[PDB]
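Remarks on the structure that follows.
The numbers here are math on the coordinates, done by the rules we state, and not lab data. Using ideal geometry, Cβ is built from the backbone for each residue, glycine included, and neighbour counts are taken over all protein chains shown.
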Amino acid sequence: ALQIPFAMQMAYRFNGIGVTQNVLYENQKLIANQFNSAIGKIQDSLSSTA
Amino acid sequence: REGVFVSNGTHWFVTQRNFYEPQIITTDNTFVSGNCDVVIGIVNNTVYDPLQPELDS
Amino acid sequence: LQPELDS
Ligand SMILES: *[C@@H]1O[C@H](CO)[C@@H](O)[C@H](O)[C@H]1NC(C)=O
Ligand SMILES: *[C@@H]1O[C@H](CO)[C@@H](O)[C@H](O)[C@H]1NC(C)=O
């Protein structure tokens with residue numbers, strides 16, 4: 001296990017899907033806020049019904 | 001362009017991810033997108049230009 | 001390159 005900064009790991013996972021690394025850093029806060037909000041929606045979905 | 005940025009004591013290098021291979025941060029080892037003010041965690045540096053060592057003749 | 005051709 002080799003330590004890597006999480007924002008650099010995201011930049012490679014973007015690079016892996018054919019989105020160039022710059023597009024992450026140009027949008028980092030927006031990406032994080034979508035991701036954080038989405039995990040909230042996951043929790044709400046699992047809260048709503050069995 | 002591929003791989004990652006790396007720092008020594010005060011030199012900086014670019015390498016592929018899976019085997020350490022420190023190379024000079026040249027323009028032909030890199031590419032540009034926008035001004036710095038957006039980027040989290042960026043650093044001031046010199047990017048080396050290979051063209052001027054040629055055109056100086 | 002051609003724009004740099006002032007040398
Ligand atoms: C660059 O790396 C080598 C090995 O770590 C070291 O001898 C040299 O002093 C370093 N130079 C700078 C300025 O970081
Ligand atoms: C980079 O260097 C310039 C030198 O004028 C300085 O104005 C700027 O604040 C520096 N930025 C960082 C991130 O250190």
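A few points about this structure:
- Qualifying residue in the range A:7-28 (condition: free of Cβ contacts under 8 Å to residues at least 40 places away in the same chain, more than 29 Å from B:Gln16 (Cβ to Cβ), part of a loop (DSSP other than H, G, I, E, B) and more than 9 Å from chain B (Cβ to nearest Cβ)): no
- Residue identified as free of Cβ contacts under 8 Å to residues at least 60 places away in the same chain and within 25 Å of A:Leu30 (Cβ to Cβ) among B:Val39, B:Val6: B:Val39
- Within the range B:33-57, the residues that satisfy the criterion of being within 16 Å of ligand 1 (Cβ to nearest atom) and either over 20 Å from C:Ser7 (Cα atoms) or within 12 Å of another protein chain (Cβ to nearest Cβ) (or both) are B:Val43, B:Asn44, B:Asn45, B:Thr46.
- Note on the range B:1-14: among residues that are surrounded by 12 or more Cβ atoms within 10 Å (Cβ to Cβ) and within 12 Å of ligand 1 (Cβ to nearest atom), the one that is farthest from B:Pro53 (Cα to Cα) is B:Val6.
- Among the residues of the range B:15-27, those that are surrounded by 11 or more Cβ atoms within 10 Å (Cβ to Cβ) and more than 14 Å from ligand 1 (Cβ to nearest atom) comprise B:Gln16, B:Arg17, B:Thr26, B:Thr27.
- The conditions of being more than 9 Å from every other protein chain (Cβ to nearest Cβ) and loosely packed, with under 13 Cβ neighbours inside 10 Å are met by A:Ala38.
- Members of the range B:2-27 found to be in contact with a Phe, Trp or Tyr (Cβ under 8 Å, 6 or more places away or on another chain), away from chain A (no Cβ under 14 Å) and in a loop (DSSP other than H, G, I, E, B), listed by number: B:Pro22, B:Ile25
- Qualifying residue in the range B:34-55 (condition: farther than 22 Å from A:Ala7 by Cβ, of a type in the set (S, T, N, Q), under 9 Å from the mean Cα position of the chain (by Cα) and not in a loop (DSSP other than H, G, I, E, B)): no
- For the condition hydroxyl-bearing (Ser, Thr, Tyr) and more than 12 Å from every other protein chain (Cβ to nearest Cβ), B:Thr30 does not qualify.
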